[PDB]
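For reference, the chains in residue letters:
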Amino acid sequence: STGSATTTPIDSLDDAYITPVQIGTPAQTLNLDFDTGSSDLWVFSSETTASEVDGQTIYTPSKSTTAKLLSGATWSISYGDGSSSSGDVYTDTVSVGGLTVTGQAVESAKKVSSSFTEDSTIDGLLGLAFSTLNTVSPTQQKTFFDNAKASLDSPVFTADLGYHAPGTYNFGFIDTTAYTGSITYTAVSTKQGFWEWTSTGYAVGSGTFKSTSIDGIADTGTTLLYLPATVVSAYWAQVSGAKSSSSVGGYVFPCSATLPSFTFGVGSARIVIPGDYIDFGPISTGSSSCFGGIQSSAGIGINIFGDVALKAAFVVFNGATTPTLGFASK
């Protein structure tokens with residue numbers, strides 16, 4: 001079997017992407033944030049504290065003939081950005097782009113932090129990291145991808161994120177019309193539960209390529225590209241007036257600037273992030289200071305290839321026994 005669903009930016013800055021997901025019988029369609037950096041599928045629901053819901057579509061398990069409480073199971077998660085959620089667990093039928101999993105753990109939020117409440121366009125998350133990170137207790141649960149794997153034509157999913165435009169998540173197959181040239185595959189470590197790999201280097205604009213190993217995670221659930229301070233400094237030094245602002249929380253640059261591209265290495269291959277992708281607009285409405293899409297990972301503890309990087313590529317998440325990541329230009 002296979003699945004194919006369109007994923008759509010939630011706003012004009014591509015801050016996140018939502019993908020429609022059918023849960024329950026009859027279907028309840030919720031728009032979820034597919035996150036290769038976590039491993040819980042959780043939703044706003046009829047159980048969510050009423051004051052913490054503001055515009056989201058909710059899952060109501062009592063209206064689903066296939067929903068069953070997973071007795072005793074609870075969950076609680078905190079994300080890299082400091083947001084969090086928690087609640088209890090149902091199993092139900094979950095379908096993505098025509099691909100159906102029965103008995104999927106659907107984690108029902110009783111509590112969500114303010115950033116989730118404030119984002120009316122995201123109805124929950126669908127984790128696509130490794131199931132070892134799943135937070136359900138006392139019995140850890142599998143991701144949608146892990147549950148689907150055996151039914152899939154090929155044990156893969158692909159991320160094809162758009163720049164200021166819709167894109168695609170595919171499950172079980174590689175769309176050879178969706179990229180140009182060849183796909184370069186690179187080794188993954190699952191030791192931390194992430195799609196963790198090692199980039200072979202970088203270039204800034206039309207500068208020469210610097211060969212150097214950069215360990216990081218492929219994370220669709222992170223907006224920006226977070227890299228070592230040396231790398232980020234080399235990039236922003238090429239933008240007149242750019243600086244790191246502690247008051248704002250990262251590199252800012254004059255909105256009048258033209259940004260250079262950024263290239264990262266995948267084995268012997270090169271992915272080019274256009275300069276426009278690195279512009280995240282005024283720090284506040286009407287400001288002439290703009291926020292940079294490449295930021296330092298120092299003090300995060302890990303480098304993050306987030307959407308800024310991933311949307312410049314067609315990305316294959318290969319969940320075979322020996323997992324790998326593939327990158328192609330598009």
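What counts and what doesn't
- As drawn, each chain counts its residues from 1 in written sequence order, possibly unlike the entry's numbers, and residues without coordinates are not displayed.
- Side-chain numbers come from the whole structure's heavy atoms, not from hydrogens or water.
- Residues with missing side-chain atoms are left out of burial classes, side-chain pairs and their counts.
- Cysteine sulfurs are considered disulfide-paired once they come within 2.5 Å of each other.
- Put simply, DSSP H or I for four residues or longer makes a helix, DSSP E for two residues or longer makes a strand, and each gets a number counted from the N terminus.
- Only the six-membered ring of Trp is used, alongside the rings of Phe and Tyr, when aromatic pairs are assigned; centres must lie within 6.5 Å, and planes under 30 degrees apart are stacked while those over 60 apart are edge-to-face, with the rest tilted.
- Between buried and exposed lies partly exposed: a residue is buried under 20% and exposed over 50% of the maximum accessible area for its type, with that area taken using a 1.4 Å probe on protein chains only.
- Contact criterion: two residues are considered in contact whenever any of their non-hydrogen atoms come within 4.5 Å of each other.
- Polar contact is defined as a pair of N or O atoms within 3.5 Å, subject to the rule that within protein one atom must be able to donate a hydrogen and the other to accept it, and that residues adjacent in sequence are counted only when both atoms are side-chain atoms.
- As used throughout, domain bounds are those supplied by an automatic or database domain assignment.
- By the convention adopted, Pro, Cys, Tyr, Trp, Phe, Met, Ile, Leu, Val and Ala count as nonpolar, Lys, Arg, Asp and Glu as charged, and the other residues, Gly among them, as polar.
- In these notes, a set of buried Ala, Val, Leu, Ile, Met, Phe, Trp, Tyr and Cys residues joined through side-chain atoms within 4.5 Å is what counts as a nonpolar core.
- Here, a strand pair is defined by DSSP locating no fewer than two bridges between the strands.
- Each axis is a line fitted through C-alpha atoms, and for a helix only the stretch in contact is used; angles between axes span 0 to 180 degrees, taken between their N-to-C directions.
- UniProt positions are given in the numbering used here, feature names are shortened, and annotations may be inferred rather than shown by experiment.

Where do I start with the state of the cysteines in this structure?
What makes a disulfide is a covalent bond joining the sulfur atoms belonging to two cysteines. Tallied over the full model, the rule gives one disulfide. Across the disulfide from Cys255 sits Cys290; the S-S distance is 2.1 Å. Around the S-S axis, the bridge from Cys255 to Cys290 shows a dihedral of about 110 degrees and counts as right-handed. Of this pair, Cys255 sits in the loop between β16 (250-254) and β17 (262-266) while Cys290 sits in strand β20 (residues 289-292), placing them 35 residues apart in sequence.

Is there a simple way to explain the packing of aromatic side chains in this structure?
The relation between two aromatic rings is expressed through the spacing of the ring centres and the mutual angle of the planes. Applying the stated criterion across every chain, the model contains 25 aromatic pairs. Between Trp197 and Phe305, the ring centres sit 4.7 Å apart and the planes meet at 45 degrees, which makes this aromatic pair tilted. One end of the pair, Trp197, is in strand β12 (residues 196-204); the other, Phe305, is in strand β22 (residues 303-305), and 108 residues separate them in sequence. The same class applies to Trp197 as to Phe305, namely buried. Centre to centre, the rings of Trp197 and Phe327 are 4.8 Å apart; their planes meet at 40 degrees, and the pair counts as tilted. With a gap of 130 residues between them, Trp197 in strand β12 and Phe327 in strand β24 (residues 324-329) connect regions that are remote in the sequence. Of the two residues, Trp197 and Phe327, both sit in the buried class.

Would you explain the environment of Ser245 in this entry?
Secondary-structure assignment places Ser245 in strand β15 (residues 243-245). For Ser245, a relative accessible area of 13% puts it in the buried group. Counting along the chain gives ten residues from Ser245 to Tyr235, while the straight-line C-alpha distance between them is 15 Å. With residues up to four places along the chain from it excluded, the contact list for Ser245 reads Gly250 and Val252. A distance of 2.9 Å separates a polar atom in the side chain of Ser245 from a polar atom in the side chain of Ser247.

Got a minute to help me understand the domain arrangement of the chain in this structure?
By a widely used convention, the size of an interface equals the accessible area lost when the partners come together. Here the chain is described as being made up of domain 1 (5-174) and domain 2 (175-330). Taking the mean C-alpha position of each, domain 1 and domain 2 sit 25 Å from one another. Secondary structure elements with two or more residues in the side of domain 1 that touches domain 2: β3 (28-35), β9 (156-160) and β10 (167-171). No other element matches β9, which puts five residues into the side of domain 1 that touches domain 2. For the side of domain 1 that touches domain 2, the per-class residue count stands at 18 nonpolar, six polar and five charged.

What is the right way to look at the nonpolar core in this model?
Note on soluble globular proteins: their nonpolar side chains tend to be buried together. Ranked by internal contacts, the top residues of the largest apolar core, which has 71 residues, are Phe171, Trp236, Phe262, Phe264, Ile273 and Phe327. When residues in this core are grouped by element, the largest group, four residues, is from helix α3 (residues 229-236). Not counting residues up to four positions away in its chain, the partners in contact with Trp236 are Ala242, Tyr251, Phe253, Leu259, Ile278, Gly292, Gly293 and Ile294.

Help me understand the sheet that holds β12, please; the structure alone is not making it clear to me.
Each strand in a sheet pairs with its neighbour through backbone hydrogen bonds, running either in the same direction (parallel) or in the opposite one (antiparallel). One open sheet accounts for seven strands, arranged β18-β17-β12-β13-β22-β14-β21; its pairing is mixed. Bordering the open sheet on either side are β18 (269-273) and β21 (294-296), each of which pairs with just one other strand. Ignoring strand direction, the axes of neighbouring strands in this sheet form an average angle of 45 degrees. On the sheet, α3 packs against β12, β13 (210-218), β14 (225-227), β17 and β21 and is oriented at approximately 140 degrees with respect to β21.

What exactly am I supposed to notice about the UniProt feature "disulfide bond" in the chain here?
Between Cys255 and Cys290, where UniProt records a disulfide, the sulfur-sulfur distance comes to 2.1 Å, consistent with the annotated bond. The exposure class assigned to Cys255 is partly exposed, which follows from its relative accessible area of 31%.

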